[PDB]
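Geometric and topological summary
Spelled out, the chains give:
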Amino acid sequence: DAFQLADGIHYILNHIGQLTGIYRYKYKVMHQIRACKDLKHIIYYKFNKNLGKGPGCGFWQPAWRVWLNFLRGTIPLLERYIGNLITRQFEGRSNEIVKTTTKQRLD
Amino acid sequence: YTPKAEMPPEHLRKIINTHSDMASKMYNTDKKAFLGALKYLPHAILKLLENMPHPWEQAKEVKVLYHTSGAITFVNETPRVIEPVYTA
Amino acid sequence: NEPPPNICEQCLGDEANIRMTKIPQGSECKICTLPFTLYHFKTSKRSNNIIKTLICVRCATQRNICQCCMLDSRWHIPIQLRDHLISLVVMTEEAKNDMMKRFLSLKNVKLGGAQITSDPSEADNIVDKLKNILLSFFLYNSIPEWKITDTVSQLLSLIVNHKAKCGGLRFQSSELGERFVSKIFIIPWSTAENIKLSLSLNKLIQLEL
Amino acid sequence: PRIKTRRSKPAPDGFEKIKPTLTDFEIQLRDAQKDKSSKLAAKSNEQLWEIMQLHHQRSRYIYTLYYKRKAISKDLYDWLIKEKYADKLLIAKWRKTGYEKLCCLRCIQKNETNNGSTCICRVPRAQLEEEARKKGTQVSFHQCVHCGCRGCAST
RNA sequence: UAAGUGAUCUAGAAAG
RNA sequence: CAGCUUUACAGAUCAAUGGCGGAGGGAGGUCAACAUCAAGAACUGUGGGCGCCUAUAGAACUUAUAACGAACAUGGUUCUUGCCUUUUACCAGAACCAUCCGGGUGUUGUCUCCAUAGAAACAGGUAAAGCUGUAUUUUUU
Ligand SMILES: [Mg+2]
Ligand SMILES: [Zn+2]
Ligand SMILES: [Zn+2]
Ligand SMILES: [Zn+2]
Ligand SMILES: [Zn+2]
């Protein structure tokens, strides 16, 4: 149903965290996840005032917005990262220079 | 200069379908293109997500750019609204 | 910074305007396998198939050759042949190795002969020197079959072994053969003694292996 | 066409008459939109070309009925335009001079092309042929790589 | 004659 | 119901002077290219007076619980923290910095959809729109 679809979307956006590992690989998505959770808490309490506890709360908007904004940051990072990887695959580095500012190797 | 040709969606669909079972020396370059496209796949994702049809909408038509190789497809339009109306 | 493309007159075309695109580090040169700018031109607008440059400018300079034709810049002869001529009046040894070829390319010595071709002085002198220097039926009794075939045609499947020297021509028509006989190197049907002996020897040779 | 979602009213008056003509087109499109395992670049291109032609044809039919024949209401035409059926830009181009026989819009995007010019299809057969004659060679090009358009020109 | 209102960190994946 | 200024009007002599004049589009595209948008509350020229005063002027946009966003991401660098004990990946604050998702404004250029006139005022009318008016001591009885 349309309502069901909406609810599903909402679930996805809140549950990104559980639904699929992004956080594993980049653990600042954790902030985003937290924000989403907070929104859910707020939104659900607003939405289920006189109405009781259960699934079927739509109103995915703020969560969606949050995810969009998160994606903004990634765009850049991914373009450096993924792009770099593809470059490597086509043309794979010549003479890298290690860096002694590392704790290891300094001494 | 002169704007982009509004292509038919049919063409796009056909292109997409062709690059499913892609394993000939034909489209060697298309594979390369696809590989390259990872660069912009997150951008594409962001776009598509942004255009998500809202629950007051059965199905949104949306502007689309796509590499003629079939490697990547960006939803092009950026969805703006009359704020109060949107809120309502 | 980049040097210019060295494309010959016959290479490039017969027209007073050609448009080409440069593709910086387009392909690796065939000699050196080292990135370089591809120029590729279409000769006449509509005449099919492009003419991409196959070698790096440096390599061309070294060999003194068209970047498309792979022929001498001056005389338009294959590198071997041009070099061979010079030798006759020393040739280049392109080192066919992954690493070494690149090194060779980067060297700037004009490999071998190229110098002579480049200079009006030297090329001309060489030319002068060269000038001076210059100034059914079996078949029996080396030359190629494409010549034999031509000869046959003129006279009007054609098997010929060379170790044997025994050419069994089979026109498969009584008309062609009877025309062939009248219109006319021993040629029977399906110093003569010496010839016979030689033939026999050849046959023996063929048959021992 | 797009999918109906109660956005625009089902159709104006004379759609029932033309619908069966432009519903043949849909079938053709469907046949086109799929894995024809072309196994070959030229062959692959051909299907795309065919698709393009089909797209053009429907628009032409619509255009023809609305402008040249003038047998369809303005409102209906507008509705069609709004829907994905016709191509609006293409129609506009057709309406303009020198672009009446026009394979597709991207054959006259001068920006696109490597050499700053239009597609060859736009050259009238006459001129190319003449050039060929002058040269020595026969007729040089058959169809462009954007869309199959043997002699697109208005002549 | 007057107690007892509210402040609530976190949060996993790889390689080693 | 008077007066003057403008349109809509004949037929003028058409000087006189004005004003509309090298008199020729409009509406728009999830269309471009360029310029420019954090600075002494901050703008740009113009001459003149001689890098600064004095007149001219112009001025679109963004700003006072300070900003192009009633919107909010991510990087990089140091410093300090926290989980920790290897790093990435992280905690959270700071300072510089960048990237990004966007935004205007102006000028062109295009794309689309609708359209087509090269001359009218004066003497004053006809009709309609803008404003003013309603003799006995200081204005004109
Ligand atoms: Mg170790
Ligand atoms: Zn040449
Ligand atoms: Zn065409
Ligand atoms: Zn075309
Ligand atoms: Zn064409």
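Residues numbered from 1 in each chain as written, not as in the entry; some residues may be left out. Chains lettered and ligands numbered in written order. Part of a larger assembly, values for the part shown. Heavy atoms only, no water. Residues with missing side-chain atoms left out of burial classes, pairs and counts.

We count it as follows: UniProt positions are given in the numbering used here, feature names are shortened, and annotations may be inferred rather than shown by experiment.
You'll find chain C entered in the PDB entry as Pre-mRNA-splicing factor SLT11, with Saccharomyces cerevisiae given as the organism. The deposited entry bears the title "Overall structure of the yeast spliceosome immediately after branching". As its UniProt record puts it under Subcellular location, chain C is described as follows: "Nucleus". What UniProt records for chain C under Sequence similarities is the sentence "Belongs to the SLT11 family."

Under the PDB entry, chain B has the name Pre-mRNA-splicing factor 8 and belongs to Saccharomyces cerevisiae.

**Thoughts on the coordination of the zinc ion (ligand 4)**
All names here are of chain D. Which entries qualify depends on this criterion: Because water is not among the atoms used, a metal site may look incomplete, as its donors are only the N, O and S atoms within 2.8 Å, or 3.2 Å for Na, K and Ca. For a four-donor site, all angles between 85 and 135 degrees give tetrahedral; for four or six donors, opposite pairs above 155 degrees with the remaining angles between 65 and 115 give square planar or octahedral; all remaining cases count as irregular. The numbering of helices and of strands both runs from the N terminus, where a helix is a DSSP run of H or I of at least 4 residues and a strand a run of E of at least 2. Each residue gets one of three labels from its accessible area relative to the maximum for its type: buried under 20%, exposed over 50%, partly exposed in between, using a 1.4 Å probe on protein chains only.
Bound to the zinc ion (ligand 4) on the protein side are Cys-103 (SG), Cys-104 (SG), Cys-107 (SG) and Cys-147 (SG), at distances that span 2.0 to 2.6 Å. Considering all four donor atoms around the zinc ion (ligand 4), angles at the metal cover 96 to 138° and the coordination shape is irregular. Of note, the zinc ion (ligand 4) draws all its donor residues from one chain, in the sequence arrangement C-C-x2-C-x39-C. If you look at the zinc ion (ligand 4) and the zinc ion (ligand 3), they sit 3.5 Å from each other and are both ligated by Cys-103. With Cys-103 in the loop between α4 (88-95) and α5 (125-135) and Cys-147 in the segment after α5, the pair connects residues that are 44 residues apart, well separated along the chain. When its relative accessible area of 1% is taken as the criterion, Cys-147 is described as buried.

**Section: the arrangement of the chains**
Cut-off, in case you're wondering: We call two residues contacting when some pair of their heavy atoms lies within 4.5 Å.
With three pairs of chains in contact overall, the contact-richest pair is chains B and D. Spatially, chain A is disjoint from chain C: no contact exists, and the shortest C-alpha separation is 12 Å. At the C-alpha level, the nearest point of chain B lies 15 Å from chain C, with no contact between them.

**Here we look at the pattern of salt bridges**
Here is the rule: A pair is scored as a salt bridge if a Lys or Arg side-chain nitrogen falls within 4 Å of a carboxyl oxygen belonging to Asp or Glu.
Applying the stated rule across the entire model yields nine salt bridges over all chains. With a closest N to O distance of 3.4 Å, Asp72(C) and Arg82(C) form a salt bridge. With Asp72(C) in the loop between α2 (57-63) and α3 (79-88) and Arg82(C) in helix α3, this residue pair connects regions lying ten residues apart in the sequence. Per residue, the accessibility class of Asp72(C) equals that of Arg82(C), and both read buried. For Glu83(D), the salt bridge is made with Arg2(D), and the minimal N-O distance between the two is 3.3 Å. Residue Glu83(D) is located in the loop between α3 (74-82) and α4, and its partner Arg2(D) is located in the segment before α1 (15-32); the two are separated by 81 residues in the primary sequence. Across the pair, exposure class does not vary: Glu83(D) and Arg2(D) are buried alike. Connected through shared salt-bridge partners, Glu61(B), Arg2(D), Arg7(D), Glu83(D) and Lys84(D) make up one network.

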